[PDB]
Amino acid sequence: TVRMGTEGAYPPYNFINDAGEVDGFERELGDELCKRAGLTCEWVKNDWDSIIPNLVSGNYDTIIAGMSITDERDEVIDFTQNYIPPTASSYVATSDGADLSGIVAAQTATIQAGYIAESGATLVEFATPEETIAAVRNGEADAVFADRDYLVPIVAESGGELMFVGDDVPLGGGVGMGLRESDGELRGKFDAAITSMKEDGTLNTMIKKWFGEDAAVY
Ligand SMILES: N[C@@H](CCCC[NH3+])C(=O)O
Ligand code: NA
């Protein structure tokens with residue numbers, strides 16, 4: 001049994017539905033990958049801040065949680081190939097003239113937080129994605145910098161209270177599954193399953209289903 005670790009707070013990638021079950025793109029993907037690898041799985045929810053150390057300590061066996069493949073994270077864990085192509089990061093604000101060099105909210109331990117910390121903007125970090133949106137809505141922050149695919153439905157749901165500002169920024173290597181560095185054989189099973197979904201078009205279909213007809217595909 002493979003314990004699949006996810007954040008459960010990052011729609012539409014992953015979330016806990018009203019039944020208390022893991023749901024989202026990654027629920028469907030993860031289940032189909034395990035089916036194709038011949039593995040049975042069990043889903044484990046873990047907060048983003050500790051999702052890497054808790055994989056390393058053996059609380060679960062994979063991270064499938066919208067995590068970009070990066071060299072920095074490759075220092076402690078190993079990634080499969082990407083299962084979504086690299087997509088942009090974007091700024092979101094309550095007005096068009098928001099000061100993007102002011103206070104910018106980003107989720108802790110993300111490439112977006114890293115980009116803002118290196119920038120001239122003042123970074124404020126929040127534990128969860130929803131807290132970054134709340135910080136903008138309530139005026140504690142000038143804007144939020146986050147994954148564009150996370151922000152698109154949020155902007156559409158806002159009834160005009162939230163909007164994209166500035167330009168998109170490409171960050172990170174595409175989303176991939178994380179595993180312990182001593183787990184090469186399991187990682188290889190997942191890699192072989194991902195490749196099979198790329199080859200037969202089922203991954204592209206899953207991506208468009210969850211991210212829209214215009215989503216980047218393979
Ligand atoms: N893909 C970005 C954002 C992840 C956001 C998780 N709620 C990263 O890996 O840092
Ligand atoms: Na590594």
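In each ligand, atom 1 is the first atom listed, and ligand 1 is the first ligand listed. Residue numbers run from 1 in the order of the sequence given.
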Can you check whether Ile111 has an N/O within less than 3.5 Å of an N/O in ligand 1? yes

Identify whether the distance between the nearest side-chain nitrogen and carboxylate oxygen of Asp168 and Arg148 falls below 4.0 Å. yes

At the 4.0 Å heavy-atom cut-off, does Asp147 count as touching ligand 1? no

With the Na ion (ligand 2) as the apex, the O/OD1 angle for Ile77 and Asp74 - to 10°: 90°

If you look at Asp78, which of its N/O/S atoms is nearest to the Na ion (ligand 2)? OD1

Give yes if a backbone or side-chain nitrogen or oxygen of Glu7 is under 3.5 Å from a nitrogen or oxygen of ligand 1, and no if not. yes

Taking only heavy atoms of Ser68 into account, list the atoms of ligand 1 that are under 4.0 Å away from them. 1 (N), 2 (C), 8 (C), 9 (O)

Can you find a side-chain donor-acceptor pair between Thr202 and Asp200 that sits under 3.5 Å? yes

Is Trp48 reaching over with its side chain to a backbone N or O of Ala127, donor-acceptor style, under 3.5 angstrom? no

Less than 6.0 Å separating the ring centroids of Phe190 and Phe79? no

Under 4.0 Å to a heavy atom of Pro129 - the qualifying atoms of ligand 1, by number: 7 (N)

Out of all atoms in ligand 1, which are within 4.0 Å of some heavy atom of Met67? Include the element for each. 9 (O)

Check whether any N, O or S atom of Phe79 sits under 3.0 Å from the Na ion (ligand 2). no

Please list the nearest protein heavy atom to atom 6 (C) of ligand 1 with its residue and the distance rounded to 0.1 Å. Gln107 OE1, 3.3 Å

N/O/S of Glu181 less than 3.0 Å from the Na ion (ligand 2)? yes

When clusters are formed by joining ILVMFWY residues with side-chain heavy atoms under 4.5 Å apart, either directly or through shared neighbours, do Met67 and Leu33 land in the same one? no

Take the angle between the ring planes of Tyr91 and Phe145 and call it parallel below 30°, perpendicular above 60°, tilted in between. tilted

For atom CG of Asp167, is the number of surrounding heavy atoms from other residues, nucleotides or ligands below 6.0 Å larger than 12? no

With a 3.5 Å distance limit and no angle check, can you tell me whether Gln81 reaches the backbone of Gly176 through a side-chain donor-acceptor pair? no

Would you say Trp48 and ligand 1 have an N/O pair spaced under 3.5 Å apart? no

dist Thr87:OG1 -> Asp147:CG (nearest 0.5 Å) comes out at 4.5 Å

Contact with ligand 1 for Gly172, non-hydrogen, under 4.0 angstrom: no

When you measure from atom 4 (C) of ligand 1 to each heavy atom in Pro11, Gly173, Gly66, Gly176, which option holds the nearest one? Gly66

Give the residue, atom name and distance (to 0.1 Å) of the protein heavy atom nearest atom 2 (C) of ligand 1. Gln112 OE1, 3.5 Å

Proximity of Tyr150 to ligand 1 by residue part, where a heavy atom lies under 4.0 Å: neither

Under 4.0 Å from ligand 1, counting heavy atoms only, is it the side chain of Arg73, its backbone, both or neither? side chain

Are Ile77 and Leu55 packed together at the side-chain level, in the sense that at least one heavy-atom pair is separated by less than 4.5 angstrom? yes

Aromatic centroids of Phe211 and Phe25 separated by under 6.0 Å: yes

